[PDB]
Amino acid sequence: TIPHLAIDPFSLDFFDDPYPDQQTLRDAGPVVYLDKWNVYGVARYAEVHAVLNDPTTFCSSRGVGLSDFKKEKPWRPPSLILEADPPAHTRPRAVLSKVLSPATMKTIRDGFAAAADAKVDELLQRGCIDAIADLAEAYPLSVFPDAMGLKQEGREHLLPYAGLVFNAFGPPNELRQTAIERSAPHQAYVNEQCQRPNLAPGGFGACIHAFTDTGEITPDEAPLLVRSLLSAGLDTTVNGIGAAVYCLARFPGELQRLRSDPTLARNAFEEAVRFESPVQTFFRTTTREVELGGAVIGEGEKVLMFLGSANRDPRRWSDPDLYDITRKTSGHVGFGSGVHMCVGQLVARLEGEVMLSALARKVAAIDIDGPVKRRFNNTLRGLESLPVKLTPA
């Protein structure tokens, strides 16, 4: 009844161009079985959305990677938020929601916007730049560590640590095993910065520690919650901003619409998140036997969700393979859906918006002018190098 496929969604060929295989996965049925890894897969919007929105049946506390925490030891202590189910999830989630709240965005927006305008001005002096190292990486590095309250020294550990975290959700392939082999110095740095004395006053880390006297979290939970933001809040935004620049470089008509109405910047970024989906895949584990899209899945089974595929499913989206900055994007699953839906989404959207607003106001053209190179990770999609010429407005 359930079709069995040999597609390896963690292979380099798949990362190089996942879109044909994603259609094959959607069109094979609502639920497939991936023989390479002994997991169920869901690639259509409907089932991805259903799984995300039933956290009781499709839990997170057995891990959101391939590894089942009931069978193997987690590679690092479990996250108190991502790898927790309700009710243990609820109070840590509420703390991070308040630390990254609608109200908190008002304290950082002026500085984030000024940094984005300054970066675009600097890049325009050079003309030909690498939109990954020089923009997608450089901009979030220029704002997010400081907003966290991290010291300057050792920040070179942050992107390697995040790449490790996202590789470690995958299967025990070479990408994952090499990442873990190299991990000790990055883990050591990250764990140390999570302690209260190492986080500058007023930043996100200090604010998490301040919540430890409200009864929502205890002091010994705060370092792991700081760890969550250092894991999840940098490399994702690098790949989101890189995706947006790549979309504007490939679709110049949409750059022209964005220049003509810079208030489209926030939706242009949201559409890039749908179109490229920085976070491509991750897992749940069933807590009982369950019927999903007509298939029966037993207890204790890993279920792989294809978020990028859900975001391109023609059953849900008109012209899914077009980048359209005025699309009604509400309902895309690039930030997840339901109780775990990205708690950092307002930070991500703020960074993306202000960078795209700077480009909309300052840049007339974005032309790819060198070899584009992809960066490979078990669950993140993005580029290693994106040579572009920026022409000033």
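Between two forms, the rigid core is the largest collection of C-alphas that superpose within 1.5 Å. Quick note: we count residues from 1 along the sequence shown, nothing fancier.
The rigid core fit leaves 211 to 219 as the farther-lying stretch in 6 other deposited structures of this protein, judged by Cα positions and set against 186 to 194 and 211 to 219. Just going by the entry, 281 to 289 versus 176 to 184 on mean CA temperature factor gives the higher value to 176 to 184. Higher average CA B factor: 86 to 94, of the stretches 86 to 94 and 159 to 167. The entry assigns its greatest Cα B factor, within the set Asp146, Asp121, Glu270, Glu221, to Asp121. Per the deposited coordinates, the residue with the largest Cα temperature factor out of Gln152, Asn311, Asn239, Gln193 is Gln152.
Among the modelled residues of its chain, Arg259 has a C-alpha B-factor that falls in the lowest third, as given in the PDB entry.
In this PDB entry, the Cα temperature factor of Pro140 sits in the bottom third of its chain's modelled residues, the lowest group.
Ranked by Cα temperature factor within the chain, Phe10 sits in the lowest third according to the deposited record.
Placement of the Cα temperature factor of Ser101 within the chain: highest third of the modelled residues, per the deposited record. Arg227: CA B factor lies in the lowest third for its chain, per the PDB record.
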